[PDB]
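One-letter residues, chain by chain:
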Amino acid sequence: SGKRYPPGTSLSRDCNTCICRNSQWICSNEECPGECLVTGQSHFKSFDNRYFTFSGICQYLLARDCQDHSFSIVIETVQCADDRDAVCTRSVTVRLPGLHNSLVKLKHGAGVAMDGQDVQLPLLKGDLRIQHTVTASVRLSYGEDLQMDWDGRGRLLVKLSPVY
Amino acid sequence: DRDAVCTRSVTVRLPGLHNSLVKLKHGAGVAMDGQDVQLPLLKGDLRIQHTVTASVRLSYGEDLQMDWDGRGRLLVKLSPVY
Amino acid sequence: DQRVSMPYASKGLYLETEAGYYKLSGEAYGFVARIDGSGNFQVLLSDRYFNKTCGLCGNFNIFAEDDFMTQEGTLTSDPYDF
Amino acid sequence: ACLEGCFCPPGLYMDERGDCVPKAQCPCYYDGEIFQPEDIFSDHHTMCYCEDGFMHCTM
Amino acid sequence: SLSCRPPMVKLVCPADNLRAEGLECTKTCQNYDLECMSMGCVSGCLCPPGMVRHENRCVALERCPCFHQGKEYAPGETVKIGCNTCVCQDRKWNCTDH
Ligand SMILES: *[C@@H]1O[C@H](CO)[C@@H](O)[C@H](O)[C@H]1NC(C)=O
Ligand SMILES: *[C@@H]1O[C@H](CO)[C@@H](O)[C@H](O)[C@H]1NC(C)=O
Ligand SMILES: [Ca+2]
């Protein structure tokens, strides 16, 4: 990145580490977690660090486990202003077939609703934990291989560990 | 003291709806079937909501009311059909 | 933001005065605006924009009842939220 | 009834965060969802907005 | 009211099953493999289990086309993307690995 480092150093990306030896960084190729990101009006980021935009108004499928069926996430888009080029996220629906085949729903506030029932946070069930983060944003955590973020005003995130 | 026995919680049971089990906790909290709940709770018959934002009020149908069991001041209202 | 004098003719928009009243002609782009002394906006506009130009002066179609089609596209009965 | 407790004057209405506010920034609770005081909002067919506490929907 | 057409039959939400996946989860050819949300059914008239909706026509067999670039392709039809041919056998496109 346009600056010099002595030999033997070990700078670390978020993903892994690299060490200087004979003017050539040696680097590991071990996987590191991805992050699909919804934000703004309609701006998506794939797990593979692709960026794009799709201003559709329906219930779209954001993510899903597709060899087995440990979960499935479903975004719900609506127009969000006077203009037609303004399509923000209103809610997201999560589905856990591992526990009751339940159906979590993150609402346009910081609210959550399991199977129609509004819920006070925290929600320690067996696997999934739902709690506030700054007391202004919800955070789902199923197991140790799944996280989420607030879908109040539309800034959904995910954290998928390399087991997926 | 031994002459000090206050109420901690009360448990309500409605066989008309799911055979559910409501629970009024030592705060102003309510817990249906283990699940904590945000108030209000308009199900079909029973409504649960705050009163002054410091006291819960259950209302099943038009023949049953309740009051806060946080620090132990439970009430009931039973209409003459009972 | 820079106040200019009058008349003015940049970019194919002649900003003149006619009959003591101010005019803004755009014949290349197909419109003639003007204002009077009291203040009464007027917009003469060509037939090239038939069943097109949607806005606060409605679409240029033949009908007169459908010309509240909002920025989404919604026939609204109210002349105000439009 | 005519109850006893902690209120605030008639120009001010109660907000979720303990403070009470005028009806300008009093949010809407359409379908449970808590919308902010200015939220234009629409599917393809319906058209709804939140003005001052109430949710003005149309079709 | 309207007695719905012969090729399909009306449904009713049972009062017991929460899984009343009826009218709301109307399976068309797009959303068959996709998994759907549902609170309860409606007073609609849905195709049988062995067939799906297809542009205002309950196409019977599971032979309905295989879309690309928002265009129809009957089963068996091929497309040439790059130096590969690719055919839709059942419902998913079957390409070549050259
Ligand atoms: C206006 O546009 C619509 C849609 O393209 C078209 O059907 C109609 O013929 C046009 N003119 C009139 C007479 O409305
Ligand atoms: C293609 O069709 C064959 C049919 O036997 C199937 O086995 C195979 O998995 C399909 N996929 C591809 C693209 O090879
Ligand atoms: Ca008109």
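Residues numbered from 1 in each chain as written, not as in the entry; some residues may be left out. Chains lettered and ligands numbered in written order. Part of a larger assembly, values for the part shown. Heavy atoms only, no water. Residues with missing side-chain atoms left out of burial classes, pairs and counts.

- In its metadata, the entry names cryo-EM as the structure determination method and reports 3.267 Å as the resolution.

- Per the PDB entry, the recorded name for chain C is von Willebrand antigen 2, and the organism is Homo sapiens.
- This entry's official PDB title is "Cryo-EM structure of VWF D'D3 dimer complexed with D1D2 at 3.27 angstron resolution (2 units)".

- Per the PDB entry, chain B is named von Willebrand antigen 2, and its organism is Homo sapiens.

### Some details on the sheet that holds strand β4 (residues 37–39) of chain A
Sheet strands pair by backbone hydrogen bonding; their relative direction is either parallel or antiparallel.
All names here are of chain A.
Line of reasoning, step 1. Ordered in space as β4-β5-β6, the three strands form an open sheet in which the pairing is antiparallel. A single partner strand is all that each edge strand has here, and the edge strands are β4 and β6 (51–53). If you compare each strand with its neighbour and ignore which way they point, the axes differ by 20° on average.
Line of reasoning, step 2. Pairing of β4 with strand β5 (residues 43–45) involves three bridges; the strand directions are antiparallel. Within β5, the residue paired with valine 38 across the bridge is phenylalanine 44. (Pairing = 2+ DSSP bridges. Helix = DSSP H or I, 4+ residues; strand = E, 2+ residues; numbered from the N terminus. Axes fitted to C-alpha atoms, helices over the stretch in contact; angles between N-to-C directions.)

### Remarks on the state of the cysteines
All names here are of chain E.
Line of reasoning, step 1. Taken as a whole and judged by the stated rule, the model has 13 disulfides over all chains.
Line of reasoning, step 2. At a sulfur-sulfur separation of 2.0 Å, the disulfide partner of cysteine 29 is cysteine 64. Disulfide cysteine 29-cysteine 64: torsion about the S-S bond near -135°, hence left-handed. One end of the pair, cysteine 29, is in the loop between β1 (9–10) and β2 (45–46); the other, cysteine 64, is in the loop between β2 and β3 (78–81), and 35 residues separate them in sequence. Here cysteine 29 and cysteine 64 have matching classes, each one buried.
Line of reasoning, step 3. Here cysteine 66 pairs with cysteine 88 through a disulfide, and the sulfurs are 2.0 Å apart. The sign of the S-S torsion, about -55°, decides the handedness of the disulfide formed by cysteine 66 and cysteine 88: left-handed. Placement of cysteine 66 in the loop between β2 and β3 and of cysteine 88 in strand β4 (residues 84–88) is noted, with a sequence separation of 22 residues between them.
Line of reasoning, step 4. Using a relative accessible area of 0% as the deciding quantity, one classes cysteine 88 as buried. (Disulfide = S-S within 2.5 Å. Buried < 20%, exposed > 50% of the residue type's maximum accessible area, 1.4 Å probe, protein only.)

### Here we look at a nonpolar patch on the surface
Line of reasoning, step 1. On the surface, a cluster of nonpolar side chains totalling about 460 Å² of accessible area is made up of B:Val76, B:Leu78, B:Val81 and B:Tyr82.
Line of reasoning, step 2. For B:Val76, a relative accessible area of 48% corresponds to the partly exposed category. (Patch = residues over 30% accessible without salt bridge, like charges linked within 9 Å, V, L, I, M, F, W, Y side chains within 5 Å. Areas by Shrake-Rupley, 256 points an atom, 1.4 Å probe, with all protein chains shown as cover. Salt bridge = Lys/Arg side-chain N within 4 Å of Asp/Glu carboxyl O.)

### Remarks on the arrangement of the chains
Line of reasoning, step 1. By contact count, the leading pair among the six pairs of chains in contact is chains A and D.
Line of reasoning, step 2. At their nearest point, the C-alpha atoms of chain B and chain C are still 33 Å apart, with no contact between the two.
Line of reasoning, step 3. Chain B shows no contact with chain E. Their nearest C-alpha atoms sit 11 Å apart. (Contact = heavy atoms within 4.5 Å.)

### Structural notes on the nonpolar core
Line of reasoning, step 1. Residues A:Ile73, A:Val104, A:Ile130 and A:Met148 are the most contacted members of the largest nonpolar core, which totals 28 residues.
Line of reasoning, step 2. Elements that contribute at least two residues to this core include exactly β8 (72–79), β9 (87–95), β10 (104–106), β13 (128–132) and β14 (138–142) of chain A.
Line of reasoning, step 3. Beyond its immediate chain neighbours, meaning those up to four positions away, A:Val104 contacts A:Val92, A:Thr93, A:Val94, A:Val112, A:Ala113, A:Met114, A:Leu128, A:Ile130 and A:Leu140.
Line of reasoning, step 4. Formed by 17 residues, the second largest nonpolar core is a distinct cluster that contains B:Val12, B:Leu24, B:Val30 and B:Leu39. (Core = buried A, V, L, I, M, F, W, Y, C linked by side-chain atoms within 4.5 Å.)

### Side note on the coordination of the calcium ion (ligand 3)
All names here are of chain C.
Line of reasoning, step 1. Within the protein, the calcium ion (ligand 3) binds to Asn59 (OD1), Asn61 (OD1), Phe63 (O) and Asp67 (OD); these donor distances fall in the range 2.4 to 3.1 Å.
Line of reasoning, step 2. Along the chain, the residues donating to the calcium ion (ligand 3) are arranged with the sequence spacing N-x1-N-x1-F-x3-D.
Line of reasoning, step 3. The class of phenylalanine 63 is exposed, set by a relative accessible area of 53%. (Donors = N, O, S within 2.8 Å, 3.2 Å for Na, K, Ca; no water.)

### Some thoughts on the pattern of salt bridges
Line of reasoning, step 1. Taken as a whole and assessed by the stated rule, the structure comprises eight salt bridges over all chains.
Line of reasoning, step 2. Between E:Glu35 and A:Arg95 there is a salt bridge, and its shortest N-O distance comes to 2.9 Å. Of this pair, E:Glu35 sits in the loop between β1 and β2 while A:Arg95 sits in strand β9, on two different chains.
Line of reasoning, step 3. Classification of A:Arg95 as buried rests on a relative accessible area of 8%.
Line of reasoning, step 4. A salt bridge links C:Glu18 to C:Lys23, with the nearest nitrogen and oxygen atoms 3.9 Å apart.
Line of reasoning, step 5. Counted as one network, the salt bridges with shared partners bring together A:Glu76, A:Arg90 and D:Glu33.

### Quick word on the interface of chain D and chain A
Line of reasoning, step 1. Between chain D and chain A, the residue contacts involve 12 residues of the former and 13 residues of the latter.
Line of reasoning, step 2. Here chain D meets chain A over a buried area of about 1000 Å², counting both sides, of which 50% is carbon and sulfur.
Line of reasoning, step 3. Contact with chain A buries surface across chain D, with D:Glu33, D:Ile40 and D:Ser42 losing the most and accounting together for 42% of the total.
Line of reasoning, step 4. At the surface where chain D touches chain A, the tally comes to two salt bridges.
Line of reasoning, step 5. Between D:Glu33 and A:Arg90 there is a salt bridge, and its shortest N-O distance comes to 4.0 Å.
Line of reasoning, step 6. Counting every contact that joins chain D to chain A gives four residue pairs in polar contact.
Line of reasoning, step 7. By residue class, the composition of the side of chain D that touches chain A is four nonpolar, four polar and four charged. (Buried area = accessible area lost by both parts, 1.4 Å probe. Polar contact = N/O pair within 3.5 Å; in protein donor to acceptor, adjacent residues only side chain to side chain. Nonpolar A, V, L, I, M, F, W, Y, C, P; charged D, E, K, R; others polar.)

### So, the side chain of B:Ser20
All names here are of chain B.
Line of reasoning, step 1. Relative to the helices and strands, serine 20 is located in the loop between β1 (10–12) and β2 (22–24).
Line of reasoning, step 2. Since its relative accessible area comes to 3%, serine 20 is described here as buried.
Line of reasoning, step 3. Discounting residues that sit within four places of it in the chain, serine 20 has contacts with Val12, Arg13, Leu14 and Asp33.

### What about the packing of aromatic side chains?
Residues and elements named next belong to chain A.
Line of reasoning, step 1. Counted according to the given criterion, the structure contains eight aromatic pairs over all chains.
Line of reasoning, step 2. When the ring of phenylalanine 71 is compared with that of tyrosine 164, the centres are 5.3 Å apart and the planes differ by 80°; the resulting orientation is edge-to-face. Taken together, the positions of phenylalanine 71 in the loop between β7 (59–64) and β8 and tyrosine 164 in the segment after β16 (159–160) put the pair 93 residues apart, joining distant regions of the chain.
Line of reasoning, step 3. We classify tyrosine 164 as partly exposed; its relative accessible area is 44%. (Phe/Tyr/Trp six-rings, centres within 6.5 Å; stacked < 30°, edge-to-face > 60°.)

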